[PDB]
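Enquirer: Once you've had a glance at the structure underneath, I'll fire off some questions.
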Amino acid sequence: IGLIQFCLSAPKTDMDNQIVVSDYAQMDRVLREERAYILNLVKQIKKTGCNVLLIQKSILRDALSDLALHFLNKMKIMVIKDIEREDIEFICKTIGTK
Amino acid sequence: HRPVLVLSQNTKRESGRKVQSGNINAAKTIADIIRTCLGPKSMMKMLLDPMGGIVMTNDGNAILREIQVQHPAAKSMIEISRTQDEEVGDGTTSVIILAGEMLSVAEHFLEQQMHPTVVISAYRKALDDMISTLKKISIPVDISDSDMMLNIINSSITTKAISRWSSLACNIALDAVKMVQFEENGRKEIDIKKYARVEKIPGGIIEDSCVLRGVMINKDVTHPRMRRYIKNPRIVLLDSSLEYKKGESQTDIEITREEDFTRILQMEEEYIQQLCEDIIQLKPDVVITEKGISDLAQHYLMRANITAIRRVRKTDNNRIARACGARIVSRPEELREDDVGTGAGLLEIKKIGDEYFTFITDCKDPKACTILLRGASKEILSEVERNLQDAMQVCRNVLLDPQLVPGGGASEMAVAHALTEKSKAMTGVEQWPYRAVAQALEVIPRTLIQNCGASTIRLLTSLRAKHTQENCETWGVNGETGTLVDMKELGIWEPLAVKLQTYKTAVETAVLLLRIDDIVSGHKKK
Amino acid sequence: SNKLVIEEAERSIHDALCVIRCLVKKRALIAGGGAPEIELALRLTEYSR
Amino acid sequence: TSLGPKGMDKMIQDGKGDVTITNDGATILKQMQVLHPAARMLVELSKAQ
Amino acid sequence: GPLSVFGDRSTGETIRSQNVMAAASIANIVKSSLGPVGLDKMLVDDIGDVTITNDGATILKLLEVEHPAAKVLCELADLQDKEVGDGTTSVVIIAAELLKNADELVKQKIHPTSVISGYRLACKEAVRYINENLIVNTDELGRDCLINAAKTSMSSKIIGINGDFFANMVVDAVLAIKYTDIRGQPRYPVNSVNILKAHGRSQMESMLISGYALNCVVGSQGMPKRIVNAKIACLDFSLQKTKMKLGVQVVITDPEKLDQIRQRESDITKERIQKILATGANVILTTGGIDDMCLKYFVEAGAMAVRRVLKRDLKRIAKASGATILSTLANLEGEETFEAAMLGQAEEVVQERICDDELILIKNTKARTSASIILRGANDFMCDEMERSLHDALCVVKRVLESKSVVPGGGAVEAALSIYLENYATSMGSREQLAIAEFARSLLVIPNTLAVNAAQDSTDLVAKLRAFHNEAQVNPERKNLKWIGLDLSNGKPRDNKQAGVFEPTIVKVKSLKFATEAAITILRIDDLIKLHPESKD
């Protein structure tokens, strides 16, 4: 069992982000690289060897993208969503995660 | 002011015999509205519409559906009429009259210390015998005989106000139904709603009406220099526009050089020109679309001597797609020769009442049609439109279920006597309400002889007597003379499907309204 | 079975958990059933005399 | 009437429509909404317990 | 001087009396709809919507109540829906009578906790008695227990026909949806049976569909409306022109590139729709939508495409047809895959006409052979009640299959308790014998109410029933009179085992437990304080 606060979604910085598409093939490049980023995150999770994820509720960023959920389904990883900031101390002592 | 400790505050409750009999009285009130709209001697009812219009009709459903009630039981009888209007055609007036009588005889039994479950049980058993009898007295139909189908439909429009011009209504409906007998995959259907369109233009007389072998739309030419008459056009149907539109993005084009502003404008013009070239690769004569046509598109198509229609509705393009066999194409780059509606007939832009109409008619083998009505005013056109909409429905019933039952009351009498002969061996408490159903069936021939002003004593006694003999079993009411003539000579036959539905709905209507012992009113829902 | 019963059950559990807490804080008990009230009434009277 | 195992429970309905059944004196007093400034001291007393 | 709370204080006999009346006011409603001889209720709301039903839980949830003691009985019915499935009438009748008789005891200076203790003791003993006086499991009766149970429940509803037309559809629909699982759990998920309504033909022309009835239409009138030996593509993404994301902008400095970048918005879409068809898919089912551009490709390809269906419906189709739900693109850093091997099957997919409406049927499905039932009524009023009645019957049969034990109906179980419990009261009768006896006497409200609603003899018909159940217990000759109930159509006793009148054991074991506890809670509301409402602040 793992406890993740990292948002398994598209990359985003604290600064305002804008990506410019100024060519034909550039549009495909934006879509392809984003899919690779999210898949790479799931690959890290599977290589560690977890079975069940506890996902902490996020406000500003999507906690889990639809693409990431599909990838995690293929990895046979069970996901519990919407763990509150008030649940963390109790969960950590009970299960033993960090 | 201290409130009272109550439950269900500001509500009302009624229970007991006041409800058991009250609901029946409500059903009777509905039944009396259209009681005189059954036979061939009906009179017209003029209703003032809450929206400011006027509705003049003698159709049982068109009358009741516009009558608003407050009583929660009267609403049920109105819904029975609205339901029948969608399942069958002329199975309307006789269902409200019959259902009312079945409740009427129930009122007598509820006062005779009979449990509601005994009345309901017996009525359901009677239905099984009423339906069984109808299937035994049926008449086979050879639906390929043009004269049989003419005789059937001529009877079905006799009651309605269109009967004055029966020599026109019969042919209009019979042909329209045949044209929409369309089969593409392995399933036969007769569609008289999506492809049997009825259009009406005030002016002229009913003798000017016809069935159009094709379609018509209330549109003029896109451009005055386009052809207004084409003998045999190649018709292509489009879904897309012929304009330049922004894409679904946040497009921002940086204009920095003197040539950039006007170069963008040139590409906007070239884009429209290029896609307008794509839509003539099929060598069309007529291009019909649904969205705007740019000025450049109007110029280009004019130069190609192509006639265009600007803004046709999706339902109209779906209809012509079957008349001409064209496929609607949503991308000019994927046009195929197989998309062209070949076999089309004449294109003519006509002027009727200072308004232009586009006709595409005389098609080789259309699978869709339009009925064009003319008349003194919108009032007679509304009556004719409604009656033709019914005239097409009776054809579907026979074409899908080719069995008739003698009409004019002969069916209802034969079934009442079939119930009577079986009732002799009931030998139980249900024997009484079982016989009552047989008596309730009489309300139909009783109404028919009343509408013509004839005696209710001499005709009913004589008719009941004639059905005691095994020689004919098809004696009914002559609604024009006021006497009794066997149906083998009158020739008035009705679809089996309408008679089967009439009994099924009438009995179940009574079952619902006899089960209510309490009414509670005044609550809110979330 | 009912929300009213469940809410009262929550309170009943809390009280019982606190009774044990009291025994942990002060590892001594007395007889209930009115014992300290009768004993106080008698001995306090003798004090006041 | 809420002392001992032979006591009874109370129901209180507030001004919003939230109805509760309880025995615990602390949860009774919090819902009674006593106004008098002298008797309200009993509510603070129960908080200490 | 007085309590300084700004509300009202009422204690003692004032609230104790009001609590019983509030319970009786609700019981006075449901007592009239007990047994196969009950009659339907009509409820009308403020705006004019009319509802007709004989379901006790529907009626009570629709009727507004104020007193908190009446809300408890409304919740009590909701417990039966979750725990039992058909017991939504008698659970309130029993509970209200326990309150009435309990009031008569405590007014004699009997402490409320003496009555409560007796009620809990007698209730536990009553359950012990029932579990020792059962009839039979579902192995000796076979199908008979399933048709009998289905007809027993339906006898109280508008579809209570004497024949087996409905009973066969109920039992067969439940048996056709058997799913195995670990540790011997033969699941019957009756919630997967799709029930449809139509104001059309009579009750006797209802359809039993092998497969799934999908409440949608094909739409564009150029697609095939009948496909035989179909491959079904169940997916959950939209088929439309591809939009740019909010965080990505298209900023162009070379006008020559305007056409390629703009055009890509439609090309990237059509590349995908060709590949879900290149696998041989015949019926494409999406919970999203298909725009006018994309509809062309299904028509030209000769494919069926159904849009805007519910996610709960597509998941049931995919499981019944063996398809996997695909929402995106994947398969080991593949750009476009569409999982060609994950298509489902059906022998036939056809759109039919169901009395001036359109319905898509997916027949036989070849994986799980799910079920749907299309009900036919004369009007909307009948159709709504028929749906509820079918649901009840499906649930009762489920309970029979899960809990392989039946008890007699007709009041036989309550009559048996009305004798055993009275004798029990004489064994442990020190102080609670009044509460035990009243608990037992409260049970007779069921055979009493049944006789009244049937317009049959009251005090003589039920008394005769009790004589038969008495002899079975005071003359131990194995007379086997414990399975006798009332025949409300003749006014005579009958053997419910030979008559086939069976109810699941749990319908009565659970009702006694929940009805008793609900009354005990209400019997502890002697004091009530009500505060002034806050309306305008």
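By convention in this document, the chains of the structure tokens carry letters A, B, ... by their order, each chain's residues are numbered from 1, and ligands are numbered from 1 in the order they are shown.
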For chain B, work out the contacting residues on chain E at 7 Å, counting only C-alpha atoms, and write them as a ChimeraX atom specification.
Expert: /E:39-46,50,63-67,199-200,202,224,226,243-244,249-253,255,262,293,296,355-356,378-379
Enquirer: Excluding residue 64 in chain A and residues on its chain fewer than 5 positions from it, collect all residues at most 8 Å away from it, counting only C-alpha atoms, and give them as a ChimeraX atom specification.
Expert: /A:7-9,69
Enquirer: Provide as a ChimeraX atom specification the residues of chain D at most 8 Å from chain C, counting only C-alpha atoms.
Expert: /D:20-22,24
Enquirer: Measuring atom to atom with only C-alpha atoms, identify which of A:13, A:51, A:65, A:58 is nearest to residue 35 in chain A.
Expert: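 Result for the nearest residue to residue 35 in chain A: A:65.
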Enquirer: Find the residues around residue 1 in chain E up to 12 Å (only C-alpha atoms counted), leave out those fewer than 2 positions away in its own chain, and share them as a PyMOL selection string.
Expert: (chain D and resi 36+39) or (chain E and resi 3-5)
Enquirer: Would you compute the distance between CA of residue 3 in chain A and CA of residue 43 in chain A? Give it in Å to one decimal.
Expert: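 Rounded to one decimal, the two atoms are 16.4 Å apart.
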